[PDB]
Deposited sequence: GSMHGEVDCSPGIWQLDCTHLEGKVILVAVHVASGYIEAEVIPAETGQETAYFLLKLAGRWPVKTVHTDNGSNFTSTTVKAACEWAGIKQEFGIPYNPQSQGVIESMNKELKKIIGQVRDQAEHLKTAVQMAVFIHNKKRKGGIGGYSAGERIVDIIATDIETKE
């Protein structure tokens, strides 16, 4: 469970936002991409696996089983793709809405929204939780 992620897509302003959630913490990473092409997901997954333990990525549809570059990225980095395992996507759009005028590019708003999600709660934030799970594991 230190290494289990979910990968989803949400849409704002005709752009695609790639969302990775660390299922045990609620920690999120996101990127705005022009078009959802296989090569985009592959770059995002390779960046995520260089940064954290990424052992299993669950997706809720078939799109990610049809990309040879996602498959090649996953092989290289030692990532198992799994089919099946959220309301994360709703929280994110709430925060993105509050900040949308505060900056020009959708992608800056997306990252401010990831920052608030990860750093907010007095218990632990999702950001402390992921470090605590992986530390506690090491």
Map the modelled residues onto the deposited sequence and report the uncovered stretches in sequence order.
1 to 9, 95 to 104, 141 to 144, 162 to 165
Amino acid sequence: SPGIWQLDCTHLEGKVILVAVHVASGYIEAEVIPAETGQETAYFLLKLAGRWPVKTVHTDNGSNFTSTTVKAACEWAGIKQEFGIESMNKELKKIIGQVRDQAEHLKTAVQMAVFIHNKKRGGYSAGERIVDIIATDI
From here on, numbers count along this sequence of modelled residues.
Entry-level comparison of average CA B-factors, 12 to 20 and 112 to 120, reporting the higher stretch:
12 to 20
Do the CA atoms of 89 to 97 or those of 55 to 63 have the higher mean B-factor in the entry?
89 to 97
When the CA B-factors of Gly26, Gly50, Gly38, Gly78 are compared as recorded in the entry, which is the largest?
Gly38
Based on the PDB record, which member of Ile4, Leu7, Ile138, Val131 exhibits the highest Cα temperature factor?
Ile138
With respect to C-alpha B-factor, does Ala30 fall in the lowest, middle or highest third of the chain as deposited?
lowest
Compared with the other modelled residues in the chain, in which third is the CA B-factor of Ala103?
highest
